Amino acid sequence: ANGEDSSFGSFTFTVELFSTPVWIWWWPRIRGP
Amino acid sequence: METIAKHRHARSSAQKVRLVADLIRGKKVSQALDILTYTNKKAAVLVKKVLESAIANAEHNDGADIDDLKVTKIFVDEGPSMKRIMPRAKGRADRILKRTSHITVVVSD
Amino acid sequence: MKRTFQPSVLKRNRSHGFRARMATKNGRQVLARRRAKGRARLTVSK
Amino acid sequence: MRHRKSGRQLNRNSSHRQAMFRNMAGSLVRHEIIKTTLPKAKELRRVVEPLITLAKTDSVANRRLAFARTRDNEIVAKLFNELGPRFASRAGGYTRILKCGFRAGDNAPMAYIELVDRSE
Amino acid sequence: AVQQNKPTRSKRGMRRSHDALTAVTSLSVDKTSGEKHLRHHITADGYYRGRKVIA
RNA sequence: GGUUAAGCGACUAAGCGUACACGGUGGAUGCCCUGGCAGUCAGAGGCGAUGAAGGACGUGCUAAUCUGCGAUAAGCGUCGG
RNA sequence: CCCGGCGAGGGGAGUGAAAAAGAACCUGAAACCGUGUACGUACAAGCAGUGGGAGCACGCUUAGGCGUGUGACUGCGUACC
RNA sequence: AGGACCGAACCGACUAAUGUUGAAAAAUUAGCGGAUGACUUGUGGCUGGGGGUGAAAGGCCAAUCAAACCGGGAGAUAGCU
RNA sequence: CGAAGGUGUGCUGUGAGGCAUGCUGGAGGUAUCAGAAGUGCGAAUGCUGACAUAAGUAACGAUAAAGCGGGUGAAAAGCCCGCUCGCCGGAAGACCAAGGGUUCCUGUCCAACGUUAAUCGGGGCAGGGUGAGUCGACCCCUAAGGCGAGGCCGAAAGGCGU
RNA sequence: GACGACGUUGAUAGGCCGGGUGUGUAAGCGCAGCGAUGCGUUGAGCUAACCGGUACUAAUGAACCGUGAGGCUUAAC
């Protein structure tokens with residue numbers, strides 16, 4: 001009656017992918033010094 | 001005479017739907033409808049929609065007598081996945097696959 | 001925590017705005033490179 | 001181990017269970033039929049039926065106890081004025097539990113609990 | 001904490017050997033309305049054991 | 001015949017492997033040009049206070065957006081085709 | 001037109017030479033994942049192949065053979081860079 | 001009166017557990033120190049890379065500091081993998 | 001009236017390979033003999049895209065706390081209304097700044113999005129809404145500072161400054 | 001998951017009745033005292049999971065699965 005919308009403004013979701021190098025501590029595991 | 005009804009791009013992973021689809025393969029349509037009615041799964045609703053549509057297609061486009069129809073074939077194929085992002089800790093992002101599926105029911109006698 | 005970007009329009013314009021670029025010849029070359037490359041937006045000015 | 005212990009804790013602490021069952025008992029008394037999960041019934045009985053037993057005999061002290069258990073004067077009034085008289089000759093068992101399927105939102109087992117009379 | 005070799009599709013289906021669903025296969029019939037329902041459950045129309053209980 | 005006793009045994013498929021048929025996901029390959037790439041030859045080597053390059057904002061019957069234009073605004077005049 | 005939520009998707013109908021050319025659109029490979037069918041598989045240890053070798057399924061042939069798939073058991077055998 | 005005292009805001013940061021693909025690329029919770037001062041906070045400005053600025057730690061200078069980032073030399077060079 | 005390419009099957013050579021025709025496809029491909037190569041991949045913690053595995057496994061974001069009865073719709077634990085019950089209260093209530101920028105109000109819709117469903121939405125899509133002599137901005141004036149006619153210096157470039 | 005009892009031919013759970021037990025003299029009212037408070041009715045009231053009962057409520061007829069006489073060979077009887 002009112003009209004079913006199909007424009008679908010947000011149907012272009014696209015989406016990418018990213019990451020971040022994290023900080024670590026290997027001092028106690030060191031076999032040496 | 002075989003009659004086909006499909007639900008393409010159904011919003012559920014194939015595995016979850018196959019769990020239900022295996023439950024009614026080879027059954028009579030009335031018994032299959034009962035089994036689907038009393039199964040507590042989201043996929044049961046989808047599969048029952050498709051099976052009802054297949055019965056209606058048979059009765060209308062083809063011959064008739066719902067009484068002697070059987071679920072001759074049923075299978076679920078993987079549909080295209082939707083890529084999404086779930087942000088994780090420490091600035092990492094993960095890929096989420098929102099899996100879909102194609103549901104096919106073939107009724108016959 | 002407090003991150004590095006603390007927005008402020010006045011400081012943005014005074015530091016990277018168009019008239020800031022035009023004031024020195026190096027800034028004018030920044031505009032020259034950006035015009036040559038074909039940027040839609042030369043500066044932060046808006 | 002859980003040997004001989006009684007009473008579901010229903011993923012809630014003590015005060016919240018007490019408040020929830022007080023509210024639910026009030027609801028059952030005013031409406032005479034309500035729909036909850038099957039495990040919340042079978043625990044409502046252990047709350048609501050003792051109030052009806054208390055209401056079979058009418059006195060100021062008993063009304064004060066009922067008000068302490070359900071802090072609603074309308075509920076106390078209906079208890080002592082109708083439900084006590086209605087169940088005067090009934091030796092316990094004032095409620096029925098009827099399984100009625102599963103909830104759409106979370107597939108929880110539902111049930112109807114009602115007073116056995118409901119004016120039929 | 002993590003696999004050293006990729007498990008095969010064989011081991012996948014062998015673990016899912018136990019994941020199959022079970023049908024109810026035991027619908028009861030109300031003696032008054034004739035409706036099908038779960039055993040010890042209200043019918044869709046509100047009957048139980050031949051008595052109208054909800055409406 | 002039957003009955004026992006001993007010896008032996010097709011019959012199992014929850015699932016799974018292989019082959020084969022047939023689908024789905026996915027986008028290769030072949031084919032094709034909208035555009036690129038390297039030259040050759042003929043020009044032109046500038047523009048701008050009569051306001052440049054580059055823009056902003058408007059303008060149609062419009063709603064963005066692109067293109068043309070500039071309040072004479074998808075345009076005006078004149079001479080030619 | 002039918003199912004469905006006056007959904008989505010599908011089944012028909014017509015259009016076209018073709019719709020597994022239906023717009024998620026030329027062809028449509030591989031990885032990947034289904035569904036069926038044939039055979040083998042729940043007392044047997046390991047680079048999973050190869051060499052012998054029953055049986056079964058089918059098609060040719062029609063007793064008998066042959067081909068193909070699958071393969072009990074056995075000899076040997078610890079990937080590549 | 002006090003670079004007084006206790007103690008909120010506020011500004012810090014001694015300890016413990018937890019979290020470690022975290023709610024967070026250093027937090028949360030429980031305590032803890034100061035809290036009229038060598039105090040804290042707002043809004044502008046100013047000092048620039050062998051440079052700044054530093055009650056000092058090779059601290060900090062846009063989650064980057066025994067020498068910031070961006071672009072060029074530059075396809076630096078590498079008897080090495 | 002069936003090109004390349006695929007997908008098959010047979011045949012043939014020491015090999016790399018070739019050849020034939022079944023199917024799909026729908027428009028190209030090329031014996032020979034010469035000539036030129038962006039001429040051959042399985043690995044480089046190769047590169048780019050697709051799809052696996054773990055795996056239906058972890059999680060679903062402060063342990064302030066909910067339960068009824070309705071309404072609506074195709075459907076409601078989550079939407080709404082009512083009734084009680086918890087939580088903040090120098091805050092979790094307001095009012096603004098900075099920054100954002102239409103998120104505001106209203107009607108539709110449910111694909112995508114919302115860590116679940118969603119009938120709901122700061123989602124989509126449309127329409128409306130911001131009304132000033134006294135409030136601000138602009139503007140009068142100046143601080144830190146910046147720029148600075150001339151000027152004084154500095155190969156240029158520029159620096160400092162009345 | 002399994003395991004055990006029970007489904008009306010029934011005590012399998014709740015409630016209910018009676019007890020037990022734990023706490024310690026409920027509410028209401030009276031009395032005394034200026035009052036706080038005491039006292040009495042009153043060891044009264046209440047009492048999770050305990051014991052002994054009791055069908056008041058819930059354990060529903062279906063249906064489902066599983067069959068129709070069990071291979072062969074010798075040897076005895």
Side-chain angles (χ1 to χ4, degrees), chain B residues 34 36-42 44-45 48, chain D residues 6-55 66 69-79 81-84 86-87 90 92-120, chain E residues 24 26-55:
Chain B
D34 302 343
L36 283 192
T37 291
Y38 295 94
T39 300
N40 290 339
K41 288 286 190 183
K42 183 182 127 173
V45 176
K48 185 176 180 180
Chain D
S6 82
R8 319 185 155 81
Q9 63 153 291
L10 287 172
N11 294 262
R12 291 179 178 90
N13 57 359
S14 177
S15 66
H16 180 73
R17 291 189 296 272
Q18 184 177 2
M20 179 183 84
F21 284 124
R22 179 177 299 171
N23 282 314
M24 192 180 294
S27 293
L28 182 62
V29 166
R30 68 180 65 252
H31 288 122
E32 293 179 354
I33 190 167
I34 67 154
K35 169 158 154 173
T36 61
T37 68
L38 179 69
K40 302 222 181 53
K42 292 181 181 180
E43 294 293 328
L44 191 52
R45 305 177 308 190
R46 305 225 308 150
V47 175
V48 65
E49 313 212 344
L51 281 71
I52 297 169
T53 300
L54 185 77
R69 319 257 164 91
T70 61
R71 305 265 308 161
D72 186 74
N73 269 323
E74 196 209 5
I75 295 311
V76 188
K78 183 190 181 193
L79 262 178
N81 285 302
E82 301 158 26
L83 266 52
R86 270 169 56 181
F87 294 116
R90 179 89 56 151
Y94 320 111
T95 61
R96 293 180 181 177
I97 306 196
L98 309 158
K99 288 87 154 183
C100 73
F102 309 93
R103 186 153 65 181
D106 47 17
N107 189 359
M110 294 298 102
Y112 281 115
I113 190 167
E114 53 161 12
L115 317 184
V116 298
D117 278 10
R118 294 179 66 250
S119 66
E120 304 83 323
Chain E
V24 65
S26 296
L27 294 174
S28 296
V29 183
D30 178 288
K31 66 182 181 180
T32 285
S33 66
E35 293 179 353
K36 293 182 183 293
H37 66 91
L38 265 178
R39 184 64 92 160
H40 313 78
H41 283 230
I42 301 299
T43 63
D45 209 10
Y47 286 59
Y48 186 52
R49 184 178 293 171
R51 183 179 63 83
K52 181 69 175 177
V53 308
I54 301 299

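Throughout, protein chains are lettered first and strands after them, A, B, ... in sequence-line order, and every chain is numbered starting at 1. All values below were derived from every heavy atom in this structure, side-chain atoms included, with hydrogens, water molecules and symmetry-related copies excluded.
Counting all heavy atoms, side chain and backbone alike, D:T37 lies closest to D:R103 at CG2-NH2, 4.1 Å. What you find for E:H40 and E:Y48 is that their closest heavy atoms are CA-OH, 3.3 Å. D:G101 and E:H41 make their closest contact through N-ND1, 3.5 Å (heavy atoms, listed as atom of the first residue, atom of the second, distance). Counting all heavy atoms, side chain and backbone alike, D:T70 lies closest to D:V76 at O-CG2, 4.0 Å. Nearest heavy atom pair, residue D:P39 against residue D:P109, reads CD-O, 4.3 Å. Residue E:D30 comes nearest to E:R49 through the heavy atom pair OD2-N, 3.8 Å, listed as atom of the first residue, atom of the second, then distance.
Atom CD1 of D:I34 sits about 11.5 Å away from atom CD of D:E114, to the nearest 0.5 Å. Separating the CD1 atom in D:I75 from the OG atom in D:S27 is a distance of 8.0 Å, to the nearest 0.5 Å. Interatomic distance, CZ of D:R96 versus CZ of D:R118, reported as 9.5 Å (0.5 Å rounding). Atoms OH and CD1, on D:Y112 and E:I54 in that order, are 5.0 Å from each other to the nearest 0.5 Å. Taken to the nearest 0.5 Å, the NZ atom of B:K41 stands 9.0 Å off from the CG atom of D:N107. A distance of 8.0 Å separates OG of D:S6 from CD of D:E43, quoted to the nearest 0.5 Å.
Side-chain contact between E:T32 and E:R51 is absent, with no heavy-atom pair separated by less than 4.5 Å. Here the side chains of D:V47 and D:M24 are not in contact, with every heavy-atom distance at 4.5 Å or above.
In this structure, the side chain of D:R22 engages the main chain of D:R69 through a donor-acceptor pair within 3.5 Å. No donor-acceptor pair closer than 3.5 Å links the side chain of D:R12 to the backbone N or O of D:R17. Distance alone, capped at 3.5 Å, is enough to place a donor-acceptor pair between the E:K52 side chain and the E:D45 backbone. In this structure, D:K78 contributes its side chain and D:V29 its backbone to a donor-acceptor pair below 3.5 Å.
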>> As a quick check of understanding, evaluate side-chain contact (heavy atoms from CB on, under 4.5 Å) for D:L28 and D:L115, giving each step before the final call.
In response: CA-CA 8 Å; D:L28 182 62; D:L115 317 184; 4.2 Å; yes
> Taking it one step at a time, do D:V48 and D:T95 satisfy side-chain contact (heavy atoms from CB on, under 4.5 Å)?
Replying inline: CA-CA 9 Å; D:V48 65; D:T95 61; 4.2 Å; yes
> When you look at D:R90 and D:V116, which way does the side-chain contact (heavy atoms from CB on, under 4.5 Å) test go after all the steps?
Replying inline: CA-CA 10 Å; D:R90 179 89 56 151; D:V116 298; 3.6 Å; yes
> Would D:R30 and D:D72 satisfy side-chain contact (heavy atoms from CB on, under 4.5 Å), going step by step from the backbone distance to the final call?
Replying inline: CA-CA 11 Å; D:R30 68 180 65 252; D:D72 186 74; 3.5 Å; yes
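The side chain to side chain contact (heavy atoms under 4.5 Å, CB included) test with D:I113 is passed by exactly one of D:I33, D:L38, D:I97, D:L98: D:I97.
A salt bridge links D:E32 to D:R86: at least one charged side-chain nitrogen sits closer than 4.0 Å to a carboxylate oxygen.
Taking the six-membered ring for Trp and thresholds of 30 and 60 degrees, D:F87 and D:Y94 have ring planes inclined between 30 and 60 degrees apart.
The number of heavy atoms from other shown groups lying within 6.0 Å of CG (D:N11) does not exceed 12.
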